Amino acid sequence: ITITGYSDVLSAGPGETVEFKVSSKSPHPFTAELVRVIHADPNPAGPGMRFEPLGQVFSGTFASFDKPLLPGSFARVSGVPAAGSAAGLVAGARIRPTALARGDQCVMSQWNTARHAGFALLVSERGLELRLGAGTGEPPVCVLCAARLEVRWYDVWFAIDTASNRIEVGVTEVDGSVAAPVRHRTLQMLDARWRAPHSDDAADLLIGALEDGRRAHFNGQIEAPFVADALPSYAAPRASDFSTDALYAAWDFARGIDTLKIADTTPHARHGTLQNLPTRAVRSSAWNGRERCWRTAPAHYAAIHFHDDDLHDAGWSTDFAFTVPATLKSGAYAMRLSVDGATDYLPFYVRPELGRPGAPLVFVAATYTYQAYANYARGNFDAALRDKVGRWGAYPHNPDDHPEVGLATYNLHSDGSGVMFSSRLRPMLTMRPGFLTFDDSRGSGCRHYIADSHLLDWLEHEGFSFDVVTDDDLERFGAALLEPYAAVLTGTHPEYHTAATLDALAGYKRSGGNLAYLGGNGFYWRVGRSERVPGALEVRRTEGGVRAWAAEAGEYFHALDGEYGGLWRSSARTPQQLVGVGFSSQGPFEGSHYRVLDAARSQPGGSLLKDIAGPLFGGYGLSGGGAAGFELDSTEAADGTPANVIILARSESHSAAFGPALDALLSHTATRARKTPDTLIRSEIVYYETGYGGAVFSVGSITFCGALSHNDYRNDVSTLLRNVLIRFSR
């Protein structure tokens, strides 16, 4: 990737600053040009790429620097002497290694590279290894304790004892009640192959990695590491076996589970800092199932889960800054970067000032959802799609070929556990104009930021001015930010929300506003977030539902904010309470048509179908060739669809590959309302008045907006949306 980057914020209002951070592998400086993005789907059968060049609002040329991406989580303890004394050195931890086949993985190390002094305790398929620095002249001392370690809890340690002149390296299985508990040690004569360190041997202490030139990132859980300077007053030594004058450090990971800090409990207070956001709020060895909430039982959660592909905050220097001029209208923009024929875009949004709308409509860019899906390496970037990317001139870089940009919460880590965090402080290839997600046999295969530009393009063509706010903005400002608008429109797929963003949308309905839910599968998953950890989103896929992975029992509560994660249904807030329909069926990326219930034309809101002949409509579009496709929502009175709901149309004839949303099932033959599951395979367009003054219009299909521009913006789907927004702006 010749040039890429990211921004610190994804939105800013008048007078606010966005910092852009670029990494470029060219020897020449790069150019940045401000553009407004109009249409981002490069399918020739569609409107194609469309920008408004705004080079005179902002343009620059800036020096190029190759900034690196370094995945893998670990903890650093800084400002510490080299551990050890003339009596010796002891260090250990309780561990659960989840992926020993991936090579040397360091539990704990302290390594002064220039002086070749220090220690390292690693695990691998060969067992437990101690590496001791031997000075300028000699290769490192290395002691292996051979053992076959499984994905289970172990105590591991090493002890250097000068008095008896021995090095001990040992591992013991924590649960003694199993058939064959592992207990091995290796004893080796010390023989002045080690001596007490000098003040200049000092170096940082790492947990989870080794810094001897950063490598050997650990996979799995680590709990209660400690370091001692003397013998205690065969079994594994632990922090409690020592008098506190021998303890160099004993870290208890249960303290500060919503922070990046690891606390030392000795009077030394040698605290440390986690890098690249490993997973806290996970079970530790004391967990027995009587406690499920880390907030009231921290001792059952005294572990951290490290992953050699964790990625959060690249730390890239800022190359240029941008302040929104008070005259620049609210909208979807990007900084176009250029070097040596290569392009990238840094997308961002200009947010209207609070209470000072610039248009009657406001669009919500579903950045929480974009971030949850960021850099989803789907394993689908094959020959046909790689070739399709060039023919259409689409964005060239896919996460499948570029694993250095990290994973999406829809991926698994290298140890097979679910990816619970997604950072926006890294290049987000999936949030790029012209990016293709699927090799769509019948359309463009576009999603999220790119699919949403179908709507923004259609709005501008049909003469609707609109402002833009993001999920972060609703998080910051609440319902007050939406209140001034005659209508709020969502993207194609607002899957991910916090209670604050749900509350903003609800409070907007209560203010009397109109809500146009123009997507499918909205309001499904909770995310967690925190002021302490900006730029990170947390997803825990609890209980059930349609999910790329399952959270483990007892790890259902978010680390960042302490809230119960998973499906919004599992926090008593169904989609149908917000928008009258809810996720009911999922299939492949293919669309179908709607059939008007013409009974609707008489009933309230049926005038919305004025100038749509029927009975069917919408059998076309840039997303799978059909206005009702991919993921579908339908009414359910038992989940809170209001009694005054007017079902205006219902989709039919999807392929057999469409199936029911698991969380709507009591069994494979019965839904929660005790219907057959096949009645879930349908998208229902509904309209209803909220009783607050305004109304709701919901389509319940992710591909609905992919039909808007069909046959040069003249089609039944375009007529329907014009009708809705004309109605909503009276």
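Residue indices: 1-based, along the sequence shown.
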{"item": "Count class of deposited residues lacking coordinates, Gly463 to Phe464", "value": "none"}
{"item": "Unmodelled stretch of the deposited sequence separating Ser233 from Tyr234, binned as none, 1 to 3, 4 to 9 or 10 or more", "value": "4 to 9"}
{"item": "412 to 420 versus 337 to 345 - greater average Cα B-factor per the deposited record", "value": "337 to 345"}
{"item": "Between 542 to 550 and 112 to 120 (mean CA B-factor, as deposited), the higher", "value": "112 to 120"}
{"item": "Per the PDB entry, maximal CA B factor within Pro81, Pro494, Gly92, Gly393", "value": "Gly393"}
{"item": "Identity of residue with top Cα B-factor, from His268, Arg238, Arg532, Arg573", "value": "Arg532"}
{"item": "Record-listed C-alpha B factor of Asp663: chain third", "value": "lowest"}
{"item": "Assigned third (lowest, middle, highest) for the C-alpha B factor of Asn165", "value": "highest"}
{"item": "Third of chain Cα B-factors occupied by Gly605", "value": "highest"}
{"item": "Chain-relative CA temperature factor third for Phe253", "value": "lowest"}
{"item": "Record-listed C-alpha B factor of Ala599: chain third", "value": "highest"}
